[PDB]
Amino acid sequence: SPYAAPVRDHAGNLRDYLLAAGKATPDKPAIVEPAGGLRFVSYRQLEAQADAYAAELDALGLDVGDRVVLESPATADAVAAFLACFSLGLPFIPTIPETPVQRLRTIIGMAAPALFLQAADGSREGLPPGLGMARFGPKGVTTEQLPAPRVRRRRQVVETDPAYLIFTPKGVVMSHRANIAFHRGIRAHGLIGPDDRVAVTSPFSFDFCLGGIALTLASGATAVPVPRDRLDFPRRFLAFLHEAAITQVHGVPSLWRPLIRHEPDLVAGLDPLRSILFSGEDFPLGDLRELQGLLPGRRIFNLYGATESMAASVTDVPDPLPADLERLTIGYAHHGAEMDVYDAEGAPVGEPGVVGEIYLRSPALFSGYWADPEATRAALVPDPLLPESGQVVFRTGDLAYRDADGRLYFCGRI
């Protein structure tokens, strides 16, 4: 028995990190979804479901490292499933039913998953016989086809293990440690508080969906995935933001164009909404100004980055946006990271205004591209300022210049 009181470490696995804050509020809603009206799954319930799923998945005999394709719209049960995978050390590839079968077959050949794990309702066609197949739903995990037998060689998942893979086509491999470092850094900025209820508009196959849900949970708040049958219909989407009393909306900029154009009075009437987080797409500034105009006193955030780090920087949009302003800054890397601009010879750009390639120094970097050491080595390079250390840095493929204060401005891809 321990000499002194153990101090429990919650940063070793996404399963632990994402649920730590919620320990203080087990009965608070973690996920909200449509039921009649709305259904809530509490922190406590979400963990119970994660744990139940994990026990049944673990009976399949898969080894730490084995990939699982997880196909489902974003729902409370899909969240329990990805948490269960995290706990077992089974990196998953998130997919949706609408993901084209040709892409799905490409994923399966590149990553060779041992299990295809779909929703209760799932009816995916085109799968290779006999790839392990299972369903998850309210009652648990039922297995239609057992995965192949194997001998297990790993004892225990650790934070350097892969947590998930996202295919861009290249397989971005993200460790626990890296994604945990991301959430740790971003929470230092206070984007989400426990009172928030966060509408995640992006589909489950998108990096931003998992990120949004993860960060929301990690921050002890309430995550509200917006089902696609609310989201593609403006009036239905806007009513949902009221019904679920949404305080923060995550989405691409273009999400808002139809809502401004067709239903500006309803947008203006979103009383519970305090904040909006965008990413993944250039926002025409006229549209943004229009949006600020309809939603005065809202905090809007601009999120720059890529799958390889989940994200890299987060920037307040000024209200009001100056009339002369032509390009929104991407600011400084998020807390715990650093980015700067480099010339074609690998030296740091000496002067403001001069365009170079963004190199990202961060604990949140991907581990590599799956089965592709040469693409890994071109993206993850020895620190150009100190190659002796062993530290690596990420060549983003993004162009940008710096202002006098050291903030960057995005200028496109190479």
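Residue indices: 1-based, along the sequence shown.
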Between neighbours residue 157 and residue 156, residues that the deposited sequence lists but the model omits: none
Chain break class at residue 35/residue 36 - deposited residues not modelled: 1 to 3
Of 238 to 246 and 176 to 184, the one with larger mean CA B-factor: 238 to 246
Residue range whose averaged C-alpha B-factor is higher in the record, 221 to 229 or 282 to 290: 282 to 290
Most elevated Cα B-factor in the entry, residues 116, 256, 164, 136: 256
Identity of residue with top Cα B-factor, from 168, 216, 99, 201: 168
Among modelled residues of the same chain, the CA temperature factor third for residue 75: middle
Residue 95 by Cα B-factor - lowest, middle or highest third of the modelled chain: lowest
Relative C-alpha B-factor of residue 40, binned into the chain's lowest, middle or highest third: highest
Modelled-residue ranking by C-alpha temperature factor, third containing residue 12: lowest
Cα B factor band for residue 374 (lowest, middle or highest third within the chain): highest
